[PDB]
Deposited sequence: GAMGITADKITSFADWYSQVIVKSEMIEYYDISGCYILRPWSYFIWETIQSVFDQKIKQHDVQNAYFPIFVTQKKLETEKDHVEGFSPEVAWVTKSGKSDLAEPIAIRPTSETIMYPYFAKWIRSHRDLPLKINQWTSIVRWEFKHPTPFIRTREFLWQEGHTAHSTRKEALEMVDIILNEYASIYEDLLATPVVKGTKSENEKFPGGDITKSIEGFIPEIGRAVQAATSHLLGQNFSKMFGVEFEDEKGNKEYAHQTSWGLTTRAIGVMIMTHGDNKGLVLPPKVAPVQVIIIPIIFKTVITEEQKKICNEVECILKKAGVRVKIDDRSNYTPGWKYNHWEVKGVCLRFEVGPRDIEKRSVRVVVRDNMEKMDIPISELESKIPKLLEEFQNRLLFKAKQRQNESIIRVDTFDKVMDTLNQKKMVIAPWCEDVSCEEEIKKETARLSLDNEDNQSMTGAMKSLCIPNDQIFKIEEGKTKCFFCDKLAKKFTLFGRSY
């Protein structure tokens, strides 16, 4: 089978067939829960190892804290989306316990106990875990699940300056995970006061955007918590002159959401298209079997010494047409066809997945040439998704064009006053008129200028502080 829904006009059906026929996902009989079959789980394992290697270079250490937390401890800080354990076997528990929705209330009482002097700082912890949250919005594979996988990092420092720089380091690593690994463009910025994590001072984030349906997605985040939680839990150290001070904290997380943004970004009407740095198989060799079976395996050896993941499909019970569609659906980058005249010429017929480009390549040039085609594919995918991200951002300086452009499926960049009240009104109005539009982020990179004391909010009557990105959110 092939894909029978169109990406642009039947997106939901398209996304569903693509993740099921590729064997990325299976649907389960508890709503919002999804099985990650090997084909998608390989992508998560790759993300794990690249990010892990990065944080190790800034001395983050891995640990594992428990999945349960008591209500006493959870209700020190959100509650209707928490799952509670009340029973073991048939008999009621004397008091209920919560499955972990995040680890602050599990971890921080122990930070208080371990930290006594500036010499115990910095303290940098990370754990890879699963998380449960009882979502009220409708679920969607990867993007919004009841159980998801993530890492959560939690640091403590002696100055604000050192904590803020760790916030920024992590935010850059996250951007690199999306751009360099997943070939998915993202926009770095700061969250408005209405949209930030309420238990912290600042929240930075990366935003991405699915152009076929007009919706922004928050792709990862990184908080300067400051002294908010350190006062709340008693996290304090003796400085050099004997004086107790409250530590300056950060936290940050990234989830399997990443995998879904990537699929929705690169996929087409024939199936998955995958970045070669995360594709479980990059090259599949299909012979049209006598001296064929010797040339196939020579080609395999060559690619394997070179570091390329390659398989041969030499099954007798399938048409070459069937095979072509099977590996296309699974997003294999390169497809080598090997028949009689390919043997006769000592060369391989190549078809490139994302563009349908055909090429013949002598065998003695494979060692050099294939690694280099894979680097080109990786760069072409990021370059195209970025151009489409740019086509989707429209500058507006007043309210009158907004609704026209949200209905073309776009994001808005607009000068803005950043007040909470202003944001709440924008929301009410856009909803009424359509569905609501919210602030996504204030981009770190301001490609457009504020004339000092002349430029107005695009909505309120006040003066603008900066330009800000707005749109409808997944």
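Where C-alpha coordinates are absent, the deposited sequence of this PDB chain has the segments 1 to 2, 80 to 85, 297 to 302, 449 to 458.
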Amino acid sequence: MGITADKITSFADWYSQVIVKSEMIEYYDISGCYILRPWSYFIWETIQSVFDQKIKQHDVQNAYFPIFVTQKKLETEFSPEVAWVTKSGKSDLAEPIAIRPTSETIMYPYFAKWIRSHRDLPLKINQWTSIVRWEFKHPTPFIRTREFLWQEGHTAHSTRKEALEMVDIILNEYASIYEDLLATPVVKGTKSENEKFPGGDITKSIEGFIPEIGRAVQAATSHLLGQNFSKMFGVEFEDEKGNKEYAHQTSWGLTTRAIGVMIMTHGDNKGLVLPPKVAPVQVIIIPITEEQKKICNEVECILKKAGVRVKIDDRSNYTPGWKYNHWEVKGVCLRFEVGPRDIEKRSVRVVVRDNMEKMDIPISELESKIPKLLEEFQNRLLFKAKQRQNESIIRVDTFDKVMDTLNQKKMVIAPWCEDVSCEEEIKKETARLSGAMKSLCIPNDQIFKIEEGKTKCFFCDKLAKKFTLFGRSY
From here on, numbers count along this sequence of modelled residues.
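Here 92 to 100 and 201 to 209 are compared by their mean Cα B-factor, and 92 to 100 comes out higher. In this entry, 403 to 411 has the higher mean Cα B-factor, the comparison being between 403 to 411 and 56 to 64. Within the group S434, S31, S439, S40, the record's highest C-alpha temperature factor is found at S434. Between the residues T145, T221, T255, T289, the entry's highest C-alpha temperature factor is the one at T289. Among the modelled residues of its chain, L171 has a C-alpha B-factor that falls in the lowest third according to the deposited record. Split the chain's modelled residues into thirds by C-alpha temperature factor. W44 is in the lowest one. In this PDB entry, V82 carries a Cα temperature factor that places it within the middle third of its chain's modelled residues.
When the modelled residues of the chain are ordered by their C-alpha B factor, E238 lands in the highest third. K72 sits in the highest third of its chain by CA B factor, as recorded in the PDB entry.
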